[PDB]
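Two versions of one and the same chain are coming, encoded as structure tokens; call them structure 1 and structure 2.
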Structure 1
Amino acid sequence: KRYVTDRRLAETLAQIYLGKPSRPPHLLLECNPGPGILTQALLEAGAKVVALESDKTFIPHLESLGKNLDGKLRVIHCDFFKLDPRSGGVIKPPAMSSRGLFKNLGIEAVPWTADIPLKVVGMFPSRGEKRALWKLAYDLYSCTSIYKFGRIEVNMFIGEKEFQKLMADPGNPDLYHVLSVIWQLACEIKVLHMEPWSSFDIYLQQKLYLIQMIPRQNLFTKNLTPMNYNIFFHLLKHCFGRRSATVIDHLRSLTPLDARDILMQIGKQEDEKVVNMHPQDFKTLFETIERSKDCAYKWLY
């Protein structure tokens, strides 16, 4: 949660946020627009922009001056990380639901496999890229919160630490983990911008970075369903629980099937480590188990 006052190369990021010049139905769900300088930079594009400010001190001015915009802003008081209630009684101004936000916008996307419905721009706080990064993946496989209706783009600022760890492969083996596997197959994440973190003011450090969180049609499969995902995750965390072991040892810890048979189904042969796994390799390890329909006992989740 940082209020950014820098206008530095805001036009370039606004144009890469804009995409096609002919179409302004694509909407920008800007998160924490405190000073409103980034709001004016996004208004320079000309497309419709919606703010989801959560702080009560900066919200009364945000409804004001919208008449000069002639209807280019619909201010809604919420925050992007909570949305769907988990242990919740009633509706409070800090947190609302996905149905309420999407009915206020009026935007509903019945098919997931069609074109992208919407775009979200946002940030992660100083502490908590891991928690909300976990949260978005949890929302992304089982369709929950912002990903509940459609395949919404979550193009947003990340720390450089994650962009080393989340884009890690068996190359650079020291920093490599489960969010890496989930996100690198979940979204096609490329290069956008590389501004310094300490350059942006806050109302010696790792440099800020910007990523594209765009989900892929290859995600949900006849074997990897959106409802079986918690079976999938308990592979990945367990396989990286002790990472200096063959995949046969972890399968015998996690599966009653013959692990060497599963490895001769996928191709790797009996010496092969969990650290020397690409993100697609875990998905293939998950889905080679499934089609053996005769063996009903498949997992130990």
Structure 2
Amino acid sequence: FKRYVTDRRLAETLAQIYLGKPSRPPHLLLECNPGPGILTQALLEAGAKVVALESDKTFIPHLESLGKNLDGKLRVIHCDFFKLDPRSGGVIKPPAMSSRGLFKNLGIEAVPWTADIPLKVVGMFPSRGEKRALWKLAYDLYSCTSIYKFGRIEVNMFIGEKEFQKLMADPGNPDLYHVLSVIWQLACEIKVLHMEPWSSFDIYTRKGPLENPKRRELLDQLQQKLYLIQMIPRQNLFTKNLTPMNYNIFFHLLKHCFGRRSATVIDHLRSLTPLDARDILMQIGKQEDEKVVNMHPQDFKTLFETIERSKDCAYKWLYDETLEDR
């Protein structure tokens, strides 16, 4: 269920947070699902440049009227951020688009990885499908595909409380530690910028704004905490051993290491690789008996890099394309 913002003071606060960047504050702010456009109105008043991506056609004509005579600052585009670059291969229907086509239409040029941040994207995560959108973006980021082909795109979008706690789990908190937290902590630098209860936001469904008072009282029991979190892709994410070609093996290693949580690293290493587990564990700087839930993400990266860097063995992994779709 879409949860567009309506409040004005909250809009001003969010505009101040978004445009608080010191170097050239008005970045081209791609906004996902502005809906009624109070947030984009505040952003435009604060001097920024906004391109609106609507999945819903009805908000398109309304938003253009707000943008009339705004000196080309507002450019409405009918596109969905999480539907970018479908992997099916047919003709691309209007609700979806293409990253290359959109970025050429807007005139944004590709920028190398080592250079500074080209763009910034704001919006909100899907209400029910946060898991799916974190995985899709992670595959896009690790493979340098979709939008991340054009540099290091900034993403600042509200996320739920439970998924925020799952994403920021650590070895100190083992019950929530898992693969997604590891990959997202290795890939980016996540910080918290603002907090807001569900009551501040209002939910718009297909029928319209929620006019039910009984559901509103029922929604009162459904309060949670929405965290505004900011992701910046890390400059040194990619190394010689960890390349956009080898991310599948690392993903399989991470998914295998949490298949049986209460087990030492040696037990998983014996299955995954034919090499000597003792030697690798000694090289990375760990004791013989070390549980996987006590392993920091950088330790996982060091383990994978150490295994891949070995040159004596002609066969270093057992993972193969056959293990996919089976």
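Each residue is numbered by where it sits in the sequence of structure 1, with counting from 1. Note that the rigid core is defined as the largest set of C-alphas that superpose within 1.5 Å between two forms.
Once both forms are overlaid on the rigid core, the distance between the two CA positions of residue 280 between structures 1 and 2 is under 2 angstroms. The Cα position of residue 63 differs by 2 Å or more between structures 1 and 2 after fitting on the rigid core. The two forms, fitted on the rigid core, differ between structures 1 and 2 by less than 2 Å at the CA of residue 138. Its Cα shifted by 1.9 Å, residue 14 is compared between structures 1 and 2 on a rigid core fit. Taking the core as the fixed frame between structures 1 and 2, we note the C-alpha of residue 46 moving 0.6 angstrom. For residue 24, the displacement of the CA atom between structures 1 and 2, after superposition on the rigid core, amounts to 5.2 Å.
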